[PDB]
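K.L.:
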Amino acid sequence: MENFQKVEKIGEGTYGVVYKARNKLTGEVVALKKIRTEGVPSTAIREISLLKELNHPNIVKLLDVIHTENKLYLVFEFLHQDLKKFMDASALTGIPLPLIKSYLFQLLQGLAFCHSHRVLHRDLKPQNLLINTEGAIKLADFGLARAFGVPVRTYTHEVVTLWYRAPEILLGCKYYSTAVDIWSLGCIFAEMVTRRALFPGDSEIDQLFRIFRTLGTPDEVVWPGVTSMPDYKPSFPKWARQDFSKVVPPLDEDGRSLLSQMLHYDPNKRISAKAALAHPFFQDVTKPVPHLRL
Ligand SMILES: NC(=O)c1cc([N+](=O)[O-])ccc1NCc1cccnc1
Numbered sequence: 529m530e531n532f533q534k535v536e537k538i539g540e541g542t543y544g545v546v547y548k549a550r551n552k553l554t555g556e557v558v559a560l561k562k563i564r565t566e567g568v569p570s571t572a573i574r575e576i577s578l579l580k581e582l583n584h585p586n587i588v589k590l591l592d593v594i595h596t597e598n599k600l601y602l603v604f605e606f607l608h609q610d611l612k613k614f615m616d617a618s619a620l621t622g623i624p625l626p627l628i629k630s631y632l633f634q635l636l637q638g639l640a641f642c643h644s645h646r647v648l649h650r651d652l653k654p655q656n657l658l659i660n661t662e663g664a665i666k667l668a669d670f671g672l673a674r675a676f677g678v679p680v681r682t683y684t685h686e687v688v689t690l691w692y693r694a695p696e697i698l699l700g701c702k703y704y705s706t707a708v709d710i711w712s713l714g715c716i717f718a719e720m721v722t723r724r725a726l727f728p729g730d731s732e733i734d735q736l737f738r739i740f741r742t743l744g745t746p747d748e749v750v751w752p753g754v755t756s757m758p759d760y761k762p763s764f765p766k767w768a769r770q771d772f773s774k775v776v777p778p779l780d781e782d783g784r785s786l787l788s789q790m791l792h793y794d795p796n797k798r799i800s801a802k803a804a805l806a807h808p809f810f811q812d813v814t815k816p817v818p819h820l821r822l
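According to the numbering used here, the sequence shown holds residues 529 to 822 in order.
1) Could you give the uninterrupted runs of the beta strand (DSSP E) lying entirely in the region 592 to 675, keeping only those of 3 residues or more?
2) Does the beta carbon of residue 825 fall short of 7 Å from some heavy atom of ligand 1?
3) List the residues that DSSP assigns as beta-bridge partners of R574.
4) Using the beta-carbon count (16 or more within 10 Å), is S763 buried or exposed?
5) Compare the beta carbon distance of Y692 and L632 with 8 Å and say whether it is the shorter of the two.
6) Look at the Cβ atom of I716, then the Cβ atom of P795, and state whether they are nearer than 8 Å.
7) Measuring only the C-alpha atoms, how far is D734 from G744?
8) Among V749, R738 and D709, whose alpha-carbon lies nearest the alpha-carbon of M790?
9) Enumerate in chain order the residues of its own chain whose CB-to-CB distance from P746 is below 8 Å, with the five nearest sequence positions on each side excluded.
10) Which value, in whole angstroms, describes the spacing of the CA atoms of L690 and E732?
11) Following the continuous beta strand (DSSP E) through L787, name the residue where it begins and the one where it ends.
12) Does the beta-carbon distance from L779 to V687 come in below 8 Å?
13) Here's the rule I'm using: 16 or more other beta-carbon atoms within 10 Å means buried, otherwise exposed. How should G541 be labelled?
14) Report, in whole angstroms, the separation of the C-beta atoms of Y547 and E536, which I expect to be a contact under 8 Å.
15) May I ask you to list the residues that DSSP assigns as paired with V546?
16) Is the beta carbon of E662 less than 8 Å from the beta carbon of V817?
17) Out of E719, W767, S800 and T684, which one is the CA nearest neighbour of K562?
18) When you compare the CB positions of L736 and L658, do they come within less than 8 Å of one another, or not?
19) What's the call for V776, buried or exposed, on a 16-neighbour Cβ count within 10 Å?
20) What I want to know is whether the C-beta of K561 ends up closer than 7 Å to one or more non-hydrogen atoms of ligand 1.
21) What residue ranges within the region 708 to 766 form continuous alpha helix (DSSP H) runs of no fewer than 4 residues, ordered along the chain?
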């Protein structure tokens, strides 16, 4: 607004437009998101306001929430790059395993924190994982989904990415659990390793069938209750499950084991962020510094 000097259009998020801005006073450089219409539900205001208290080293800090003139502004801590850009930049050589492991470990710490406070992300993707020169990675937009909701796109003709959506969401379950975040992070872990999205669906059904083609069509044995889900259809093709060794090569067995637990179909069997932190995959975790060209 008037207390900030737009420094650049960081982009156009799923809620609204985002700008890099400098606080004319404090001199602080922040990310300002303009939230998309009229009146603005007070329920959301209280919700969003509660998130200002959700502070952790691996969670992008929500500095302020400003409600004015039918517009809602969220002021966030600023980070220079997102994981999607970093992955693209590292596409030729790949992100080194030690850095992939460091990032996964930090993201799990961030999820464990949010989940312990009953806060879900619901829409994790590389674009909302932010990184800095110190080797830190942080989760952005935690709790906004709950505080609000979801239309058809973002806010103005922009295709919602379904690549990281958990199967229970695709099958129409109305109640999401912390498990949806573990699923998304598993998909991201695989993408960092292979340098290709794991399940790049272009429609809700293509997304679901890409998952089924790789992990096998779920049934009552591996996922009790799945055949009673809202959008489950007995007519779904029945695909056999593939071997992880073929899914994320050349990841080692510690990595494949952890990924398999993050991608279990039954949300209740899916590993928690807390439990994942204890997985043998992290026995030799360290905190490397990435090569960032800003
Ligand atoms: N908090 C942020 O710094 C930030 C916020 C959003 N967003 O949608 O609210 C997107 C990217 C961000 N940083 C990474 C970034 C990406 C591109 C150019 N500059 C910075």
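C-beta atoms are modelled at their ideal positions from N, C-alpha and C, and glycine is treated no differently.
P.N.:
Taking the structure as given:
1) 599 to 605, 657 to 659 and 665 to 667
2) Residue coverage of the chain in this structure runs from 529 to 822, which leaves residue 825 outside it and unanswerable.
3) Working through the sequence shown from its first residue, we reach residue 574 at position 46. Looking at the DSSP assignment, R574 forms no beta bridge with any residue, so it has no partner.
4) Stepping through the sequence shown from its first residue, residue 763 is reached at position 235. The residue is exposed, with fewer than 16 neighbouring Cβ atoms inside 10 Å.
5) Taking the sequence shown and counting its residues from 1, one reaches residue 692 at position 164. Taking the sequence shown and counting its residues from 1, one reaches residue 632 at position 104. Cβ atoms of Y692 and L632: not closer than 8 Å.
6) The residue given as residue 716 occupies position 188 in the sequence shown. The residue given as residue 795 occupies position 267 in the sequence shown. No, Cβ-Cβ distance for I716 and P795 is not below 8 Å.
7) Position 206 of the sequence shown holds residue 734. Position 216 of the sequence shown holds residue 744. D734 and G744 have their C-alpha atoms some 14 Å from each other.
8) Mapped onto the sequence shown, residue 790 falls at position 262. Comparing Cα-Cα distances from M790 to each of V749, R738 and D709, the minimum goes to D709.
9) Within the sequence shown, residue 746 is the residue found at index 218, counting from 1. Correct list, in chain order: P695, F740, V754 and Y793.
10) By one-based count along the sequence shown, residue 690 stands at place 162. By one-based count along the sequence shown, residue 732 stands at place 204. Straight-line Cα distance between these residues: approximately 7 Å.
11) Along the sequence shown, read from residue 1 onward, the residue named residue 787 stands at position 259. Looking at the DSSP string, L787 is not in any beta strand (DSSP E); the run it does join, the alpha helix (DSSP H), is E781 to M790.
12) To locate residue 779, count along the sequence shown from 1; it is residue 251. To locate residue 687, count along the sequence shown from 1; it is residue 159. It is not a contact, given that the beta carbons lie outside the stated cut-off.
13) The count along the sequence shown starts at 1 and reaches residue 541 at position 13. So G541 counts as buried.
14) Position 19 of the sequence shown holds residue 547. Position 8 of the sequence shown holds residue 536. That pair is a contact at about 7 Å.
15) Here residue 546 refers to the residue found at position 18 when the sequence shown is read from its first residue. Paired residue(s): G539 and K561.
16) Numbered from its first residue, the sequence shown carries residue 662 at position 134. Numbered from its first residue, the sequence shown carries residue 817 at position 289. Contact: yes.
17) Taking the sequence shown and counting its residues from 1, the one referred to as residue 562 is at position 34. Comparing Cα positions, the closest option is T684.
18) Taking the first residue of the sequence shown as position 1, residue 736 is located at position 208. Taking the first residue of the sequence shown as position 1, residue 658 is located at position 130. Contact flag unset, no.
19) Numbered from 1 along the sequence shown, position 248 holds the residue referred to as residue 776. When all chains shown are included, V776 counts as buried.
20) Locating residue 561 in the sequence shown gives position 33, where the first residue counts as 1. Within the cutoff, so yes.
21) 732 to 743, all fully within the region 708 to 766.
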